[PDB]
Each structure stands twice: as C-alpha cells, then as structure tokens.
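Input: a single structure, listed below in structure tokens.
Each chain gets a letter, A, B and so on, in the order its sequence line appears, and its residues count up from 1. Values below: all heavy atoms of this structure, side chains included; hydrogens, waters and symmetry mates excluded.
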Amino acid sequence: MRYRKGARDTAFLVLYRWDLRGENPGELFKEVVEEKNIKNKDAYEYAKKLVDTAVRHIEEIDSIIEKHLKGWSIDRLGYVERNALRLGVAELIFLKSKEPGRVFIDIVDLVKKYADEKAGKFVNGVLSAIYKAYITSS
Amino acid sequence: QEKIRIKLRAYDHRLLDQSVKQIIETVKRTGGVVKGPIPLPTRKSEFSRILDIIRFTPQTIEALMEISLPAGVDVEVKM
RNA sequence: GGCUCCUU
C-alpha cells in the first residue's frame, strides 16, 4: 500500500533527528508530523508504529546491523545510512514485513535522496545480508 | 526571540552530517534549542541540510565561534 | 506501488 512510502520517510526523519539531537522521540515525531502536515490516519499511525518499533528495539537493531558490518562499529556509518538501516531492520524483522521488496525499495530511495548512489548500494548490500540471515534462521 | 536558520552544503554527506551534529551539541551544551535538521534532496552531487536555532544565549554564540568545521563544509545564515 | 538498486 503506497501511503507506507510516505510513512517510511516520516519515520526516517524522526530517527535521523533523534540520532542527531537525542531528545524524546515522541516530541521529535510531533515536530515532523507538523512540518510535513501529516493529516491522514493511515500514514500517521504507520509512521508512529515504525518509530515506536525502532526506538523500543534500538539496541538489538544496532547489534543486528553490526553483526554484518564486518567488524566496524555502527558509529562509522553516515547518519543517513545508519538510520535508514535501523528503519529497514525494524520493518523487515521486528514488524515481519510481508512486502519486503517494497521496504527495500523505499529505504534505498530515501538513502539515494538524502545521500548518494554510493550510500544506496552500501545500505542495500548490508540490509540484504541482514535479511537473508534472518530468513535463513527462521 | 528571533530564530537563526542555517543552511549547510557539502560534497561529502558524512562530513556534512557530522558538522550538523557538532553544531547541535554546541548549541545544546550552552542552553540553546534547535529545530530540524531538515535534510534536503541531493542535487548534482551536492548535499545540503537546514537547521534552525530557535533559542540561544550569548554563550551559544561564543561556543559556536570557537568550533572549527571541516574544510569543504559551506555554511549560510538568515534571520 | 517500481516486491532489494546487493557492504561507502
């Protein structure tokens, strides 16, 4: 369902701001909703669930990502890449997405939009490995 | 009072976002308040971000003047 | 809804 593309952008913006500012995610979410003038229950509620999921599982999400970074600490990643990966993991794994290909497409679109194609390849490459290890272990 | 809007640009987005981080930390450590950042779409390999400083003290300005941002990160302001 | 663009 296409409204989830917009919801992923909202959720990414919140995680990105949270990473940079360290303030209450609930308050950061309110800021983004007002700036983007989110007014539909579908996208507002899905964005809220993505953010709530990533925040509540943030330590495990970071560990899952690091397991596939070949020894690097997660602080090495750009702010765009690290938060796009956190969001991708939250949806694919913690919300057990039934449309994984669409998650990938929107996550990499975001990375390409706010960073570059080099960053998009890296995020796709890491997220794909994370996802295959998840599917395998399930 | 009156907000300061900063627009940052660069050709290295990791250094760009790290510079944003450093500005934010400096503002918060001196009792100021920020809004954003707003990442903007990359255009022709140039990355940009906008950050509003919505509350600041004279100490904020002093702290901000004493930081050195990486070469290659361009900063623009408006009130 | 174009259901991964594959480790900077």
Side-chain angles (χ1 to χ4, degrees), chain A residues 1-13 15-16 19-20 36 38 40-47 49-50 53-54 60-138, chain B residues 8-21 37 39-49 70-73:
Chain A
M1 35 229 107
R2 190 154 194 107
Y3 74 90
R4 290 176 174 183
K5 185 174 177 68
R8 289 167 189 129
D9 174 78
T10 297
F12 165 82
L13 294 181
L15 295 179
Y16 170 83
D19 205 5
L20 284 163
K36 293 183 78 193
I38 306 303
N40 297 104
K41 168 185 156 105
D42 52 17
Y44 176 93
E45 287 196 353
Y46 199 72
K49 189 158 60 61
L50 292 168
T53 297
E60 186 173 1
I61 286 169
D62 283 3
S63 174
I64 287 163
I65 290 165
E66 276 188 345
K67 186 161 192 177
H68 299 271
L69 283 187
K70 295 158 167 175
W72 305 81
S73 48
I74 202 175
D75 56 26
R76 289 266 172 186
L77 306 196
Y79 278 86
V80 168
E81 295 91 319
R82 168 173 54 256
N83 293 293
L85 280 166
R86 281 158 163 171
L87 178 59
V89 168
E91 195 166 8
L92 287 172
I93 295 196
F94 288 88
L95 294 176
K96 305 184 189 196
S97 168
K98 294 308 174 84
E99 58 181 24
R102 281 170 181 162
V103 175
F104 270 92
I105 281 162
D106 288 341
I107 293 302
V108 174
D109 270 0
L110 283 159
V111 174
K112 281 165 48 172
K113 175 183 196 192
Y114 300 121
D116 55 23
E117 300 268 15
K118 178 191 302 319
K121 281 169 184 176
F122 177 84
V123 169
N124 195 84
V126 175
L127 193 59
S128 186
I130 287 167
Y131 191 58
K132 262 81 108 306
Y134 167 69
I135 289 315
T136 281
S137 77
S138 273
Chain B
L8 301 89
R9 297 169 151 98
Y11 283 99
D12 178 329
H13 77 269
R14 275 148 105 178
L15 193 77
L16 181 59
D17 279 323
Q18 292 173 9
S19 303
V20 164
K21 177 68 162 153
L40 299 169
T42 299
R43 289 302 165 76
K44 301 213 171 202
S45 298
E46 192 188 49
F47 315 107
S48 55
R49 310 292 187 244
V73 178

Original post:
When the nearest nucleotide of RNA chain C is assigned to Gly101(A) and to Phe122(A) on a heavy-atom basis, which residue is associated with the more 5' position?
Top reply: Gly101(A)
Subject >> First encountered from the 5' end of RNA chain C, between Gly125(A) and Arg8(A) >> reply: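 Its nearest nucleotide lies further toward 5', so the answer is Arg8(A).
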Original post:
5' to 3' on RNA chain C, which nucleotides open and close the contacts with chain A (atom under 4.0 Å from a heavy atom)?
Top reply: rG1(C) to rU8(C)
Test of understanding: with side-chain hydrogen bond (donor to acceptor under 3.5 Å, both in side chains), list the residues that count as partners of [X], not counting sequence neighbours.
{"X": "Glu60(A)", "result": "none"}
{"X": "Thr53(A)", "result": "none"}
{"X": "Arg102(A)", "result": "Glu99(A)"}

Subject >> Residue pairs passing the side chain to side chain donor-acceptor pair (under 3.5 Å) test where at least one lies in residues 113-123 of chain A, sequence neighbours excluded >> reply: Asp9(A)-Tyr114(A)
Listed pairs under 3.5 Å, donor-acceptor, residues 128-135 of chain A side chains, sequence neighbours left out:
residue	atom	partner	partner atom	Å
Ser128(A)	OG	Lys132(A)	NZ	3.2
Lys132(A)	NZ	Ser128(A)	O	3.4

Is [X] touching bases, backbone alone, or none of the nucleic acid, heavy atoms closer than 4.0 Å?
{"X": "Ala115(A)", "answer": "nothing"}
{"X": "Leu77(A)", "answer": "base"}
{"X": "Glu81(A)", "answer": "base"}
{"X": "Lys121(A)", "answer": "sugar-phosphate"}
{"X": "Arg76(A)", "answer": "nothing"}
{"X": "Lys98(A)", "answer": "nothing"}
{"X": "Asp116(A)", "answer": "nothing"}

Original post:
Cut-off 3.5 Å, side chains only: do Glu81(A) and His13(B) have a donor facing an acceptor?
Top reply: yes
